[PDB]
Amino acid sequence: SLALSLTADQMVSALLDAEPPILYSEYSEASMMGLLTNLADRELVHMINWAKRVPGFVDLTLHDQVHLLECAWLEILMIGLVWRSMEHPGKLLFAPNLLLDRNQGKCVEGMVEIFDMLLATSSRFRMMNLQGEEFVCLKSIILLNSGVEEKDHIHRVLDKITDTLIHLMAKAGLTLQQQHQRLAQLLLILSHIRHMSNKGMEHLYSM
Amino acid sequence: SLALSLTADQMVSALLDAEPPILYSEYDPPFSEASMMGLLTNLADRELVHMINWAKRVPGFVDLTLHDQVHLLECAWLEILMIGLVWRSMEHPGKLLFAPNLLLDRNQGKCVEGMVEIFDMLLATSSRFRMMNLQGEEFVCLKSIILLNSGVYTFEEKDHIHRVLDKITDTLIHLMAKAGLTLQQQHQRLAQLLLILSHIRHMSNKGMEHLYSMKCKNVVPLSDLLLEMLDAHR
Amino acid sequence: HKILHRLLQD
Amino acid sequence: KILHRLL
Ligand SMILES: O=S(=O)(Oc1cccc(F)c1)[C@@H]1C[C@@H]2O[C@H]1C(c1ccc(OCCN3CCCCC3)cc1)=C2c1ccc(O)cc1
Ligand SMILES: Cn1c(N)nc2cc(-c3ccccc3)cnc21
């Protein structure tokens, strides 16, 4: 059970080492959806291998691993997109060669509303100065939380990731009150990320 | 700025005092898909009126513009109905207490097409609150967080809402410490409670899909208020 | 206007 | 599923 025995700093380096790469896109309502679909499909292959490296994930049955990735995959793609778009205000960096703005989200019906929500999430992360070590913790929380003996083990790993986030904030010099406030701010953004995935899944259903 | 100058104990008392009452349904003593959806929509409509009174009593909500108040309630109204339903169903395992005279199990949720899926998620959240031994003081903090947080990302005024949200964070930690939880247990439980809010958002969005399908199939007549609250998500 | 708009004023 | 095969 080498997931509960990891130190806070070991959790960070393990999640940082497991980070997937930044893929390129092969670049109307059909052309852009084709690029986003092709991009997301290739990202999913890397996501599955990243998930297998999140501490505590492989301890689950293959059925639970499937269920967690089925429920969380779009959230994980979205927080990834939001993270790499932080240093591009008003733009979404789907790929280094595919940097789209809000207006280019009007080519697909209903896409611009979700574009606006993603841009607002990026602005929120930018205003909080979200750190990379915090980002990988949040993304692992999304994986383990969005579909949750076996349930207790998932909550044990989730508590360890909480300990890791608090460890990073204490390491940055935040006071005890600032750690709790910042922890809450980060986890409440996951509620909005869930909302964006729910909406995006509804429209992706419309195929 | 008089919400930001509240102590943690004053925040709890104000939230407890603002709690809406538990309403009854007009139960009929046979269930059709339409008759059950009518009871629930009638109850939800009457609860929305009380929710608006409650929201005006949440510290800091008065300070926002009328446009910002509408947006927050439009975004979170179904989450707020659901967390209240999950809370009052805690002591009824395997059952959802919509009203003291309307207590249903999942097999009665099968009366409505697509309802049992949401039913099962609400029952699961209820048992999660039960395993965590969620306290009433923590519940009213979580419900006020939903009100202020759910619509904050889809808007200076933002800074005020987040300052109030931070105050509720302070209040939650204060409750956990007064209850004797260790400092590590405090941030662990804070995280556990806030991650449940993502499940509540998930259930609200699935519930909004179901309500929209009931409207588009003429199963039940929705009130104009309910029609407007639903239209805000479409 | 809106019913919610009206109810918040009342 | 393919997700099952990839895992
Ligand atoms: O969904 S959205 O939020 O955007 C909209 C909005 C309205 C209408 C839409 F059509 C899309 C969503 C946000 C952003 O834009 C859409 C989208 C996406 C995702 C998956 C897709 O296909 C998956 C199909 N696969 C094949 C089969 C296996 C499973 C996976 C297609 C598009 C996005 C996206 C893509 C890659 C990222 O790194 C981050 C985000
Ligand atoms: C449309 N709809 C569905 N599908 N479930 C609901 C559930 C409620 C509810 C009523 C009272 C208390 C809590 C929730 C309201 N509307 C609902």
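The chains referred to below are lettered A, B, ... by the order of the sequence lines, with proteins before strands, and numbering in each begins at 1. FYI, side chains are in, hydrogens and waters are out, and symmetry mates aren't considered; it's all heavy atoms of this structure. Ligands are counted one by one from 1 in listed order, and the atoms in each one are counted from 1 as well.
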If the threshold is 4.0 Å, N to carboxylate O, is there a salt bridge linking [X] and [Y]?
{"X": "B/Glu19", "Y": "B/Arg88", "result": "no"}
{"X": "A/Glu134", "Y": "A/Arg182", "result": "yes"}
{"X": "B/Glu26", "Y": "B/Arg46", "result": "yes"}

Is there a polar contact, in the sense of an N or O pair closer than 3.5 Å, between A/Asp41 and ligand 1?
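Yes, since at least one N or O of A/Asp41 sits under 3.5 Å from an N or O of ligand 1.
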Geometric N/O contact A/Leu44 with ligand 1, under 3.5 angstrom:
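Between A/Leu44 and ligand 1, no N or O pair is found under 3.5 Å apart.
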Crowding at NE2, B/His92 (>12 non-hydrogen neighbours, <6.0 Å)
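More than 12 within 6.0 Å, yes.
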I'd like to know whether CG of B/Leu103 has more than 12 heavy-atom contacts from other residues, nucleotides or ligands below 6.0 angstrom.
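Yes, because the 6.0 Å sphere around CG of B/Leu103 holds more than 12 heavy atoms from other groups.
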Contacting atoms of ligand 1, where contact means under 4.0 angstrom from a heavy atom of [X]:
{"X": "A/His203", "value": "7 (C), 8 (C), 9 (C)"}
{"X": "A/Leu36", "value": "15 (O), 32 (C)"}
{"X": "A/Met78", "value": "3 (O), 13 (C)"}
{"X": "A/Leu81", "value": "39 (C), 40 (C)"}
{"X": "A/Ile114", "value": "2 (S), 3 (O), 6 (C)"}
{"X": "A/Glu43", "value": "36 (C), 37 (C), 38 (O)"}
{"X": "A/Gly200", "value": "1 (O), 2 (S), 3 (O)"}

In the protein, which heavy atom is nearest to [atom], and how far is it?
{"atom": "atom 11 (C) of ligand 2", "value": "B/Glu47 OE1, 3.0 Å"}
{"atom": "atom 13 (C) of ligand 2", "value": "B/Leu81 O, 3.1 Å"}
{"atom": "atom 7 (C) of ligand 2", "value": "B/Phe98 CE2, 4.2 Å"}
{"atom": "atom 17 (C) of ligand 2", "value": "B/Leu78 CD1, 4.8 Å"}

Counting only N and O atoms by type, is there a donor-acceptor contact under 3.5 Å from the side chain of [X] to the main-chain atoms of [Y]?
{"X": "A/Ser140", "Y": "A/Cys137", "answer": "no"}
{"X": "B/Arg201", "Y": "B/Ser150", "answer": "yes"}
{"X": "A/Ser122", "Y": "A/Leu118", "answer": "no"}
{"X": "D/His4", "Y": "A/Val66", "answer": "no"}
{"X": "B/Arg57", "Y": "B/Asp17", "answer": "yes"}

Would you mind telling me if ligand 1 is within reach of the side chain of [X], the backbone, both or neither, using heavy atoms under 4.0 Å?
{"X": "A/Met47", "value": "neither"}
{"X": "A/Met33", "value": "side chain"}
{"X": "A/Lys199", "value": "neither"}

Validation row, ring centre A/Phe94 to ring centre A/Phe115 under 6.0 Å:
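Close enough - the centres of the two rings lie under 6.0 Å apart.
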Atom 1 (C) of ligand 2 touched by protein (heavy atom, under 4.0 Å)
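Flag for atom 1 (C) of ligand 2 set to true, protein heavy atom closer than 4.0 Å.
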Is any heavy atom of the protein nearer than 4.0 Å to atom 15 (C) of ligand 2?
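Given the 4.0 Å limit, the answer for atom 15 (C) of ligand 2 is yes, a protein heavy atom qualifies.
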Over 60° means perpendicular and under 30° means parallel, so classify the ring planes of B/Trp87 and B/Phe139, tilted if in between.
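Parallel.
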Whether B/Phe31 and B/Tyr27 hold their rings parallel, tilted or perpendicular, with breakpoints at 30° and 60°
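Because their plane-to-plane angle lies in the 30° to 60° range, the rings of B/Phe31 and B/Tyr27 count as tilted.
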Is it true that A/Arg84 lies under 4.0 Å from ligand 1, counting heavy atoms only?
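The answer is yes, since A/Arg84 has a heavy atom less than 4.0 Å from ligand 1.
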Does even one non-hydrogen atom of A/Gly80 get within less than 4.0 Å of ligand 1?
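No, A/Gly80 has no heavy atoms under 4.0 Å from ligand 1.
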Considering only heavy atoms of B/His210, which atoms of ligand 2 have at least one such atom less than 4.0 Å away?
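The atoms of ligand 2 under 4.0 Å from a heavy atom of B/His210 are 4 (N).
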Close-contact set for ligand 2 against B/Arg88 heavy atoms, below 4.0 Å:
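Once the distances to B/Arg88 are compared, the set is 11 (C), 12 (C).
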At under 4.0 Å between heavy atoms, is it the side chain or the backbone of B/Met115 that contacts ligand 2, or both, or neither?
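It is the side chain that gets close, since no backbone atom is under 4.0 Å.
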Can you check which of D/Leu3, A/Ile79, A/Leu204 brings a heavy atom nearest to atom 31 (C) of ligand 1?
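Nearest option to atom 31 (C) of ligand 1, by heavy atoms: A/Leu204.
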Nearest non-hydrogen contact with atom 5 (C) of ligand 1 belongs to which option: A/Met111, A/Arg42, A/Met117?
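Nearest heavy atom to atom 5 (C) of ligand 1 lies in A/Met111.
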Are B/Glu91 and B/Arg130 close enough, and set up right, to give a salt bridge (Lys or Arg N to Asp or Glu O under 4.0 Å), and what steps lead you there?
CA-CA 8 Å; B/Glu91 63 203 350; B/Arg130 189 162 52 250; over 6 Å; no
Just how far is it from atom CG of A/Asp64 to atom CG of A/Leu144, taken to the nearest 0.5 Å?
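Output value for this atom pair is 11.0 Å.
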